[PDB]
Amino acid sequence: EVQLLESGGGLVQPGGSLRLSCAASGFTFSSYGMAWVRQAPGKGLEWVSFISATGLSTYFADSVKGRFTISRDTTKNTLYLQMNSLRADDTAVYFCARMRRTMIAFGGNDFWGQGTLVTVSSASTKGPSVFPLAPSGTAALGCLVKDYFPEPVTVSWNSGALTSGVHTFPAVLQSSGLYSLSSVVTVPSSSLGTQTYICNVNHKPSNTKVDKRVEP
Amino acid sequence: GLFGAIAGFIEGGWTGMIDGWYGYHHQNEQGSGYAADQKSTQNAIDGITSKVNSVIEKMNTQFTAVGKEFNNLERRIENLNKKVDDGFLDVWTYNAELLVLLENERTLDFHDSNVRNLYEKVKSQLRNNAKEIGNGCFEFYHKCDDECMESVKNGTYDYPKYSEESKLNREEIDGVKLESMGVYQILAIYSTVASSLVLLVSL
Amino acid sequence: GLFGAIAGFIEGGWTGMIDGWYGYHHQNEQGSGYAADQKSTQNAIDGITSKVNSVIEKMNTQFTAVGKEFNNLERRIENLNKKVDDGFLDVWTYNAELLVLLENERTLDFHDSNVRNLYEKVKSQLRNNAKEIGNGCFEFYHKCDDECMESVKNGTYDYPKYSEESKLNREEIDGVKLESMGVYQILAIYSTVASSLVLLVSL
Amino acid sequence: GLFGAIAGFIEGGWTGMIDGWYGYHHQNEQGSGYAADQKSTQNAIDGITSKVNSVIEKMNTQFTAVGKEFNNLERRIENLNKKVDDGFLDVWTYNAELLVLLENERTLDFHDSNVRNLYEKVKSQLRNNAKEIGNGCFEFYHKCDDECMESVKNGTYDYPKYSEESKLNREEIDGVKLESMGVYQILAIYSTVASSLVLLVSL
Amino acid sequence: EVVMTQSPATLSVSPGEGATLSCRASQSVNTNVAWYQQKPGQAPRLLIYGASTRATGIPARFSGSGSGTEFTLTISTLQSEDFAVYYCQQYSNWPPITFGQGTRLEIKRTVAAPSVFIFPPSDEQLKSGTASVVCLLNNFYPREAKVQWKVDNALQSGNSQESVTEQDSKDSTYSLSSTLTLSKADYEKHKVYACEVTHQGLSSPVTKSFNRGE
Amino acid sequence: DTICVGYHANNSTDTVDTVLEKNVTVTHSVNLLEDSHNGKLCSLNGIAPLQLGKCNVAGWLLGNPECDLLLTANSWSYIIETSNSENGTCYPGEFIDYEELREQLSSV
Ligand SMILES: *[C@@H]1O[C@H](CO)[C@@H](O[C@@H]2O[C@H](CO)[C@@H](O[C@@H]3O[C@H](CO)[C@@H](O)[C@H](O[C@H]4O[C@H](CO)[C@@H](O)[C@H](O)[C@@H]4O)[C@@H]3O)[C@H](O)[C@H]2NC(C)=O)[C@H](O)[C@H]1NC(C)=O
Ligand SMILES: *[C@@H]1O[C@H](CO)[C@@H](O[C@@H]2O[C@H](CO)[C@@H](O[C@@H]3O[C@H](CO)[C@@H](O)[C@H](O)[C@@H]3O)[C@H](O)[C@H]2NC(C)=O)[C@H](O)[C@H]1NC(C)=O
Ligand SMILES: *[C@@H]1O[C@H](CO)[C@@H](O[C@@H]2O[C@H](CO)[C@@H](O[C@@H]3O[C@H](CO)[C@@H](O)[C@H](O)[C@@H]3O)[C@H](O)[C@H]2NC(C)=O)[C@H](O)[C@H]1NC(C)=O
Ligand SMILES: *[C@@H]1O[C@H](CO)[C@@H](O[C@@H]2O[C@H](CO)[C@@H](O[C@@H]3O[C@H](CO)[C@@H](O)[C@H](O)[C@@H]3O)[C@H](O)[C@H]2NC(C)=O)[C@H](O)[C@H]1NC(C)=O
Ligand SMILES: *[C@@H]1O[C@H](CO[C@@H]2O[C@@H](C)[C@@H](O)[C@@H](O)[C@@H]2O)[C@@H](O[C@@H]2O[C@H](CO)[C@@H](O)[C@H](O)[C@H]2NC(C)=O)[C@H](O)[C@H]1NC(C)=O
Ligand SMILES: *[C@@H]1O[C@H](CO)[C@@H](O[C@@H]2O[C@H](CO)[C@@H](O)[C@H](O)[C@H]2NC(C)=O)[C@H](O)[C@H]1NC(C)=O
């Protein structure tokens, strides 16, 4: 059965260099061309590069000329891509993919990988900060998670016994170079008196759990 | 005779090519292909046009011919007349059908010969730096742009401009370099070891 | 036109082959050959059968024709009758003999084209690991069994299964290994000698 | 079908060659060429002679034919007579012109096939030590005299007499020797340096 | 360089129905168009190539058509699993290779009004110097909503971010968050702050406001 | 980079017969046989034909009195008889050498 495994991701300082690798299994790797397509987060697709079947022809996108190379090994059945002197706008998810034919009009790509995450930015690993969103006299209450550089976090509410009206918004890059999100809970208006609500934030890169009880 | 090219080692034709019968398909650094070859298709058009005009002008037009009359005592001449007309009619329709049925394989083998000769020309002026792959394609050990595309198409390839550099890339592909691997079998060991005899004596 | 294969670069035919006109002859690890190729000979049989049936059905059958009578005062019409019959007879026998004498070279060149195309196919899907030797044979740098024999015969050779290993045996045959001979020209001498300077100083 | 040789990949004919239609042109250590090939041109002469003699002997000679007479009351038979004579005349002139116009491409493609087959023979018995250059020439990695010229021309080349020595000159031309340059990349440096560690310790 | 263009931007549809999408080009590719769908967080998968011949392992309710410069993808029925992101691709003239712009597929239901709330910053944010205000919307259809941010009834710009959830499997309505992030001085400068929501399901723009110290 | 070599293809469906095969689909062709015709009878080079109508040539030359209409004609391109051209000789007899008279008539 044909699949493509790929690796080489990770947070790297800008201006650096990477060597991504895509291994293949289930077919003859020495009888098809291969290609690379990236995807910006929250955007469409973007084709990166191509290598032919015998490797005599190499092609790159026009915006990335002179900074990227590509090679292949037959005995290892492996495709290698070398990135050099990166920029901040090249944070994306990368895909190695196989052409379906060997003509010029190849007719699409039938098999794919599953995506490696590569983040190109200049910051340090930071633990987040938790702040309450207290009800004034209203029927909603939340927690704000701010200022953590590596993804992701995990926000639970009284150890997961609260699954109704609990919206967890996706994170967002702020202009200083950190991540922020919030989690909100809809309660009855007369439930502010007795019921206890504690949000628990777990940050796996910096390895920090913060327990926070929200109250007016 | 089927020369082997059309529906042979070459697969079927191309829909996207428009302005000719014989063309190329290039994939250089900045485009795709589908451009015609106006030399050979011109000779093909002229040959087929002369062929059809000759086949038209050999057949003569017939003038007025009216059926005749006979009484009841001239049946013999009337039967002779009917035998004459039917005999000439059978001869003319036989000649027409046989002429078309030979002319069709003549023109189909003519097109097949045109395909094979246009392929042999492109192969013969790319005698090393090509790497043919199957069904009439080539893969260019050196780098080529649109200028050398039209240099192929006009038949003026000036091959010894590229001959050493192509050779370099060809020695990358199979080579003896994988047998070499970078150093010697183990002789550099003996010369580390010939430096080790130094250490052991000069302790 | 004689395409060059029958009684050309290929020697005469094979007595032992039975069930076809176009076959192969393999010599693998466990047998000899003489097996037919039922694809191309089927198209040959169908083409020749359509050819002969067309040549039959173009000629029309003739109906009743009886010689007529004349007295001594109608000699003119009788001479006209004899001229008509002899003229049509000469035209029909000329058309028949000319039709056969063109059709014979047509079918012989058809068989010659079939031989040459079946040879070019086998050569083209064995583009490196073959080592042709003469009169239509190949000699297989890698190892082959009956499975890859039928893989050749159905035209599905899947060449990059064998491409490196064949290359190994090809580098055995001529190589640069005979130029290499095992060690360097004499540098291992200098490194024995660079160990000899050690001995002479550290005496 | 134009087989590709005459006015194709081979340029136009040779004025200086006299006694044949198919010849060679050698440039050995002591002369120039222009010698014929009396085998293939003999079969060409015999085939064309049999062709022309067959075309002569198929057409029959006609015997005495005199125009006839009629009075003013037999106009019908006279018009029938004129229709008969003109019909046969048109059929015979059509057959003659069509026979010549097919026979001409038959013999021209016959000559083209002869050129291409005589070229393929010379290439096929010089399978490595030749170095073809363009428009039907070869350039001989080994040395050849008049004896091996006639050995080529009679088709008895006995190739494995020369096969290793030709190989030597071929390894001179491109080789891997220019990549080698005479010594190793820099290992002889390390072995001068492995002799330098001796000097530095045994000071 | 053949530039592609998908249309429309987003299609809304009820289940048990069909869908149609158009992909247009800057020049005339012949037939060399392929399509792909993509689940969120997944690799794209092949649907149709050459605009006529469906790929191996594809159900027959998909279809495609078109030639010249315009091409059309058509889905016959749904079973609430095909709602993904769609991509058209040419392969006639390359390199480079150009894709579409991505087209998602939404479930259509009744236009609903948001439940809107607001959250002032906690004072430990002012201990840190942060001023974070949350304007919150829950359970609204359709996707479009309008949030105007007012500081003593005056519009700001460039100080508010936002986050939108995905399409919930029960009600198919959305949830929006807007965040004001500022320093201490502007929060302690003015007093009455508000977010005003103009939504299609709402009859009027609803204003949620608060004072300094509340 | 490469340069694949190929040839034209089209969507035409017309078939050509050949010796070794029936119904070969061709890209371009040309017909060499006429089938269309009007149902009309026009003039040769601008000179009208002579329609006898219900009259025979014998009754026309003798002046059959029921062939009274075409009494003033003198020129034509060709002569049209019909399937009802039965008014020849009213009085019975034998017009001797009718056929030779028709053959002499066909060049005037
Ligand atoms: C120009 O051509 C027309 C068309 O043929 C021709 O008119 C026809 O004439 C014949 C000859 O008379 C007619 O035939 C007979 O007509 C009578 C009626 O008058 C019938 O009774 C006839 O039946 C029989 O009985 C007769 C009495 O014994 C016999 O004399 C006769 O031979 C029959 O045995 C028979 O039908 C015919 O009817 C007409 N038809 C029409 C429709 O005009 C006309 O005579 C020609 N012109 C000239 C000048 O001859
Ligand atoms: C067949 O193709 C060859 C391809 O090499 C043609 O040669 C090239 O022809 C073009 C014609 O535009 C020349 O391009 C321009 O020439 C002008 C004049 O020097 C110059 O100002 C431009 O900068 C550009 O170079 C080109 O020089 C010429 N040569 C090469 C090496 O590309 C050839 O003309 C074609 N026809 C025939 C009959 O050979
Ligand atoms: C043309 O020749 C090829 C030769 O490779 C044929 O492929 C092979 O066909 C045979 C048919 O018997 C297969 O052999 C048997 O297959 C069964 C089912 O898997 C298995 O139980 C046996 O152990 C044996 O393998 C064989 O697998 C198959 N493939 C190979 C690589 O040998 C092909 O079918 C022929 N025809 C065509 C139209 O291509
Ligand atoms: C085709 O060409 C070959 C070329 O090798 C011919 O073979 C050579 O024929 C000549 C004929 O004169 C021989 O030359 C002389 O032979 C005599 C008798 O041995 C000897 O006294 C001379 O010193 C000289 O060698 C020659 O030996 C012979 N062989 C070679 C290797 O050159 C061949 O005869 C030609 N014809 C055919 C039908 O093959
Ligand atoms: C060759 O074709 C003619 C015409 O047939 C049509 O065109 C062909 C290319 C193909 O598409 C056919 O299916 C079409 O019907 C054939 O003549 C007809 O043959 C059918 C049976 O095949 C018969 O019922 C009809 O009466 C024939 N004539 C027509 C005009 O209807 C002919 O048989 C074909 N010959 C072969 C060997 O294929
Ligand atoms: C084959 O394709 C051609 C396209 O090149 C079709 O020709 C078109 O026919 C329509 C119908 O009259 C015209 O409106 C177009 O202008 C034609 N195109 C061109 C470029 O002239 C042709 O119809 C197709 N064949 C069949 C049988 O449909």
# chains A, B, ... in the order shown; residues from 1 in each chain; ligands from 1
>>> residues_near_ligand(ligand="ligand 1", cutoff="12 Å", atoms="only C-alpha atoms and all ligand atoms", output="ChimeraX atom specification")
/F:53-56,59-60,62-68,83-92
>>> select_by_dssp(residues="chain C", states="strand (DSSP E)", output="JSON, numbers by chain")
{"C": [23, 24, 35, 36]}
>>> residues_around(residues="stretch 116-127 of chain D", least_positions_apart="5", cutoff="9 Å", atoms="only C-alpha atoms", output="PyMOL selection string")
(chain C and resi 2-4+8-9+134) or (chain D and resi 3-6+22+40+111+132+136+138+140+152-153+155-159)
>>> residues_near_ligand(ligand="ligand 3", cutoff="7 Å", atoms="only C-alpha atoms and all ligand atoms", output="mmCIF file with C-alpha atoms, in the first residue's frame")
data_model
loop_
_atom_site.group_PDB
_atom_site.id
_atom_site.type_symbol
_atom_site.label_atom_id
_atom_site.label_comp_id
_atom_site.auth_asym_id
_atom_site.auth_seq_id
_atom_site.Cartn_x
_atom_site.Cartn_y
_atom_site.Cartn_z
ATOM 1 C CA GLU C 147 7.992 -14.839 -15.717
ATOM 2 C CA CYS C 148 10.100 -12.072 -17.201
ATOM 3 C CA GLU C 150 6.220 -13.498 -20.617
ATOM 4 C CA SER C 151 6.734 -10.002 -19.204
ATOM 5 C CA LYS C 153 6.137 -10.949 -24.554
ATOM 6 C CA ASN C 154 3.160 -9.042 -23.176
ATOM 7 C CA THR C 156 5.137 -5.138 -19.650
#
>>> closest_residue(among="E:102, E:96, E:213, E:40", to="chain B", atoms="only C-alpha atoms")
E:96
>>> interface_residues(of="chain E", to="chain B", cutoff="8 Å", atoms="only C-alpha atoms", output="list in words")
residues 30, 92, 93, 94, 95 and 96 of chain E
>>> select_by_dssp(residues="chain E", states="helix (DSSP H, G or I)", output="list in words")
residues 123, 124, 125, 126, 127, 128, 184, 185, 186, 187, 188 and 189 of chain E
>>> residues_near_ligand(ligand="ligand 6", cutoff="7 Å", atoms="only C-alpha atoms and all ligand atoms", output="ChimeraX atom specification")
/F:10-12
>>> write_last_selection(atoms="N, CA, C and O atoms", output="PDB file, in the first residue's frame")
ATOM      1  N   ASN F  10      -8.090  15.275 -34.017  1.00  0.00           N
ATOM      2  CA  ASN F  10      -9.267  16.081 -34.287  1.00  0.00           C
ATOM      3  C   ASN F  10     -10.483  15.313 -33.788  1.00  0.00           C
ATOM      4  O   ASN F  10     -10.356  14.219 -33.235  1.00  0.00           O
ATOM      5  N   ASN F  11     -11.671  15.892 -33.964  1.00  0.00           N
ATOM      6  CA  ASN F  11     -12.909  15.261 -33.525  1.00  0.00           C
ATOM      7  C   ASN F  11     -13.771  14.776 -34.682  1.00  0.00           C
ATOM      8  O   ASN F  11     -14.933  14.420 -34.466  1.00  0.00           O
ATOM      9  N   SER F  12     -13.239  14.770 -35.902  1.00  0.00           N
ATOM     10  CA  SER F  12     -14.027  14.385 -37.063  1.00  0.00           C
ATOM     11  C   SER F  12     -14.295  12.886 -37.062  1.00  0.00           C
ATOM     12  O   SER F  12     -13.485  12.087 -36.591  1.00  0.00           O
TER      13      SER F  12
END
>>> residues_around(residues="residue B:128", least_positions_apart="4", cutoff="9 Å", atoms="only C-alpha atoms", output="list in words")
residues 141, 163, 166 and 167 of chain B
>>> atom_distance(atom1="atom CA of residue C:55", atom2="atom CA of residue F:16")
17.2 Å
>>> interface_residues(of="chain C", to="chain D", cutoff="6 Å", atoms="only C-alpha atoms", output="list in words")
residues 1, 4, 194 and 198 of chain C
